[PDB]
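Asks:
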Amino acid sequence: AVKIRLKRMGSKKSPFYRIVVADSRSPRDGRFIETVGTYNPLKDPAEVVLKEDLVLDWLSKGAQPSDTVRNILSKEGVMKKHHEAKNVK
Amino acid sequence: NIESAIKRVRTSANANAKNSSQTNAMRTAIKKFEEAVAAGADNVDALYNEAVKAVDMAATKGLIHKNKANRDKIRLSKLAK
Amino acid sequence: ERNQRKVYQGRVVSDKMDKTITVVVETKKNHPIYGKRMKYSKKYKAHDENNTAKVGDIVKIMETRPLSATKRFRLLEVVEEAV
RNA sequence: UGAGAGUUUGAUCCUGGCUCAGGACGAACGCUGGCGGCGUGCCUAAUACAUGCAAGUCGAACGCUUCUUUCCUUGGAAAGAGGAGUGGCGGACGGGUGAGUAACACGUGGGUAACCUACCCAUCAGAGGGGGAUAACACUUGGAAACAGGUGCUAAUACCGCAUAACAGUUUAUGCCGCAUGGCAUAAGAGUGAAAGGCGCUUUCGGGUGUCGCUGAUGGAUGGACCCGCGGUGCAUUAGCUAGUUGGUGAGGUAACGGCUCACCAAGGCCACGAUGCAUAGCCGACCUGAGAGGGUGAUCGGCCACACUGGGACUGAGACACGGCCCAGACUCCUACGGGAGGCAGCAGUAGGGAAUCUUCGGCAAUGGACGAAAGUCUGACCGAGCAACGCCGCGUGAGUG
RNA sequence: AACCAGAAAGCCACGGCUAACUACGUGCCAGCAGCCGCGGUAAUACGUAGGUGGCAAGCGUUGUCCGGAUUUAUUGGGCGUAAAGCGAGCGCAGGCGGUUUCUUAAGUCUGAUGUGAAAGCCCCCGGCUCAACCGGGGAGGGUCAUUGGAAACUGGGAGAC
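Chains as they are written, first to last, in the deposited numbering: chain p, 2 to 90; chain t, 3 to 83; chain q, 4 to 86.
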């Protein structure tokens, strides 16, 4: 059940999120595989940097992103290019 | 304490009963084959085919998982001829 | 094939057992605190194929797979024969 | 990037011990006591625990039953809500503690022509047709209780048999290749399943069809297992230890090689480069200190390993020899009609005790992450925040001009 | 945006080592002290008072670890008289070895590949009004494994003096 999701690094009141693929058995900030991109919640509009090249060949291997990951990957056409590459091809 | 896992105990007891029955059926099949070949009387092929089909059903219906079934078909084929 | 085993080169102590010899490898290591070239040895246990090995003779060996109760190597070639 | 002083003598110079100036603390005690931000808080008895909460969920698998409603009002459809039970999935994750352990337990580099893998993606092939039960239910039996039976009826994606499926495994032959045993490709010789299911749809007899499920094989992915070189601790006023030990043959067994276990044969194996024994300790990322080589330590936080009152055992399951699962023995606590039963805070708060000494029996799923479910949702002492403590670190105050 | 200098400072030392001295009382009693050593009537060493000196919402005491400690000395000590060459000899094992030619390449050096999880230390930048803190971007740490080179030294093999 490989799965990409969030992981936070903030202090007490102001979080800061990194997107990182972890196995689902692991804890919230436990071990993982590799960090791919991060997520700043604060300072709206939301500020996201992604490597976005491992992600295509790392979803084609098959992993299920969570819901906040789904919104912030829909905001860059990630799933767009995913089904444009898989179904459409 | 016991909370809601008492549902699993009944399931495991029923699985014990029927798994014991089916595996003892397989063991008496193979035992009958061995006692048949060791005397070497007539009617040697039918109980051989029965033992093969019994190992197959024990692999498929219940569980061994795959591999003791393969090893038993090998060591039972070498015992046949 | 990606990589062979780590083959070792040594010599023989005993050969009394059937298909089985006793191989010594030996090299140098520095001391942790000080620095001279002290040397030491390890004894391994290979497996001869037809008991044709020699008492005290140069040979080389290869990692194989766990074949018996703590012996693991196999004979490859007598590198140098001694009288 | 390296700062020396006192102290033996009536006075001197050497060699030499002892004390002082530096910094750190999960620290405590004394005196004194404003606030704000960020962290930290049983090291001692792995001592005994009252109380409250810490894992459940799916009606779109299956019947049953209760209540509230316009439904032909004596009955009625449908809807809403409640309850118990068969069935699937998760309770092996997430949290806690270092008691054991001097070893492939850890760290690092390797290996599998000795290996397995539920959930998630990819591909090919199927999804034919039968059969018998049973919980609930209704009635009764024995019991202080814990609950155990009996008779009769009922359903399924529960169960069982028939058929069909080599694409799996074996052997033969051909070719290609390899680290002996061997691996790969092709053509032939013997035996295996299904939910046949659900939600809906265009849908005229019709029965074609979408989605979520079911079954066989092969790959990707994550996760688990085994084997090897190297390195990390004192004692010689601890020098011999070992019979399934060492090797072979065959058989059994394991996912998987193997004395893993048996039967037979031969007596081998390890040690002064420290075997064996004895004592102490979980191991690393790291932390303090130092010019550096080093020396000391392993609390937070990240990884691995081990343990769940003590000691044995297996079953279900893809996955435990199982942290709020079962059985047995033992110590301890409780109930009893004496016949017999119930139990395990090293989960969160708290209690009692030990101590020089370490917190509130708090609020909430809004965020992130799990589990179930098509979705809404339900659970979540994980977590998010609040409260206590000059414990550490940081910042700003207890006016100021003239006088 | 209004009111208020108003409610807001204690702790240790003062003989040398080590910045800071004077009165009164005690009288080798009482007491003090890290070490030296101070008190039998005149004590900067005891008790108080004044002043001073060092810190500051902290100051002191206790306990532990590292430095100073070249006091385990590889860097970095020695052995005539101060601790310290066995009473002397023969020898297994072990350590260290004359000169040269050729060869190997284990040690030694060097290049490339993979690896040293994340957070910590360090360097640059960004954000809380700075700081503490947080975030982004880099290097470090093996006696590490594979592969390609070098041949002065050491080792291994062949000769020669």
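Yeah, the Cβ is synthetic: ideal placement off N, Cα and C, and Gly gets one too.
(1) Taking contact to mean at least 3 C-beta pairs separated by less than 8 Å, is the region 56 to 66 of chain t in contact with the region 19 to 27 of chain t?
(2) Is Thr30(q) helix, strand or coil when you go by DSSP?
(3) For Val58(q), which three-state DSSP category applies?
(4) Find out if the Cβ-Cβ distance for the pair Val50(p), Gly38(p) is shorter than 7 Å.
(5) On the DSSP bridge assignment, give the partners of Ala53(t) in chain order.
(6) Sorted by chain position, which residues of the same chain lie with C-beta nearer than 8 Å to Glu83(q)'s C-beta, five sequence neighbours on each side aside?
(7) Out of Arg5(q), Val86(q), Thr30(q), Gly13(q), which one is the CA nearest neighbour of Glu80(q)?
(8) Which residue or residues does DSSP assign as beta-bridge partners of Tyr18(p)?
(9) For the beta strand (DSSP E) holding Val16(q), just list the boundary residues, first then last.
(10) By the three-class DSSP mapping on this structure, what secondary structure does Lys83(t) have?
(11) Which one of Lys31(q), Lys19(q), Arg77(q) has the shortest CA to CA distance from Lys42(q)?
(12) Please return the same chain residues whose Cβ sits closer than 8 Å to the Cβ of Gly63(p), not counting the five positions on each side in sequence.
(13) If you pair each beta-carbon of the region 37 to 55 of chain q with each one of the region 5 to 23 of chain q, do three or more pairs fall below 8 Å?
(14) Where does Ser71(q) fall in DSSP's three states?
(15) Helix, strand or coil for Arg73(t)? Go by DSSP, reduced to three states.
(16) Please classify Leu43(p): is it buried, with 16 or more other beta-carbons within 10 angstroms of its beta-carbon, or exposed?
(17) Starting from the C-beta of residue 1(p), find all residues in its chain whose C-beta is less than 7 Å away, skip the five residues before and the five after it, and write them out in chain order.
(18) Helix, strand or coil for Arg29(t), going by three-state DSSP, please let me know.
(19) Comparing alpha-carbon positions, which option in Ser14(t), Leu78(t), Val11(t), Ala27(t) lies nearest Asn51(t)?
(20) Three-state secondary structure (DSSP) at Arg77(q)?
(21) Excluding five sequence neighbours on each side, which residues of the same chain lie with their C-beta closer than 8 Å to the C-beta of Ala85(q)?
(22) Tell me the rounded alpha-carbon separation between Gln24(t) and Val27(q).
(23) Does DSSP classify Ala23(p) as helix, strand or coil?
(24) Do you know offhand how far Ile20(p)'s Cα is from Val89(p)'s?
Replies: Let me spell this out:
(1) yes
(2) strand
(3) coil
(4) yes
(5) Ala53(t) is not bridged to any residue.
(6) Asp60, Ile61
(7) Each of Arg5(q), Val86(q), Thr30(q), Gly13(q) was checked against the Cα of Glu80(q), and the nearest Cα belongs to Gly13(q).
(8) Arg9(p), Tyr40(p)
(9) Premise fails: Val16(q) is in no beta strand (DSSP E) and is neither H nor E.
(10) coil
(11) Taking only the C-alpha atoms, the option nearest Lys42(q) is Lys31(q).
(12) Correct list, in chain order: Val3.
(13) yes
(14) Strand at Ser71(q).
(15) helix
(16) exposed
(17) For residue 1(p) there is no data in the structure shown, the boundaries of chain p being 2 and 90.
(18) helix
(19) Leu78(t)
(20) strand
(21) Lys57, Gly59, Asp60, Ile61
(22) 55 Å
(23) strand
(24) 27 Å
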